[PDB]
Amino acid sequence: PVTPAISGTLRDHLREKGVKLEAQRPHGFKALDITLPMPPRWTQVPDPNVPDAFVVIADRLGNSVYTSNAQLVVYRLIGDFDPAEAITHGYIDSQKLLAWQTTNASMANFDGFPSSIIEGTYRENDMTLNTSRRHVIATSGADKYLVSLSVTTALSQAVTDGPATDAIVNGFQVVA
């Protein structure tokens, strides 16, 4: 019902619209109340090495050479733009990943805001990962934020870590 764009990742489209992205950090952050469930045995990863990270959680005791994790990134957006238009670029950063294949995609609104979610598999370091990637363009009062959540697992763990990744993906919530 909502048609996706093909040219330009969400970030590049906002750049080209003249918007500035300012990475937020959780301590002190009030504009939004974000729930990111933390499943049993997962913990916050101090010192993640995800640029612009707002919070990174992970299951450090997993099997797999790949540690299952969720990454949340929150940008305050400076400049005017139409969010519903920007959001139609929401799949493109995932669809550029090596060997991307899609399992689920939706551009339905999420908690009342324009949003995209795409889920699927891709290759990285000789390993197949399963991932779920949501962008939310949220409004708090007079500001706009891009909230982005990735939840990734090795494809070999996608069923074993299913209850964790599910509680994260489906418990996720963004409130102004």
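Numbering starts at 1 and follows the sequence shown.
- When the mean C-alpha temperature factors of 154-162 and 13-21 are read from the deposited coordinates, 13-21 comes out higher.
- The stretch 37-45 shows the higher mean C-alpha B-factor when 110-118 is compared against 37-45 in the entry.
- For the set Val136, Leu129, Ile57, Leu61, the PDB entry assigns the largest Cα B-factor to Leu61.
- When the modelled residues of the chain are ordered by their C-alpha B factor, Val174 lands in the middle third.
- In the PDB entry, a CA B factor belonging to the lowest third of its chain's modelled residues is recorded for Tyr145.
- In the deposited entry, the Cα temperature factor of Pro83 sits in the middle third of values across the chain's modelled residues.
- The entry lists a Cα temperature factor for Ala31 that places it in the middle third of the chain's modelled residues.
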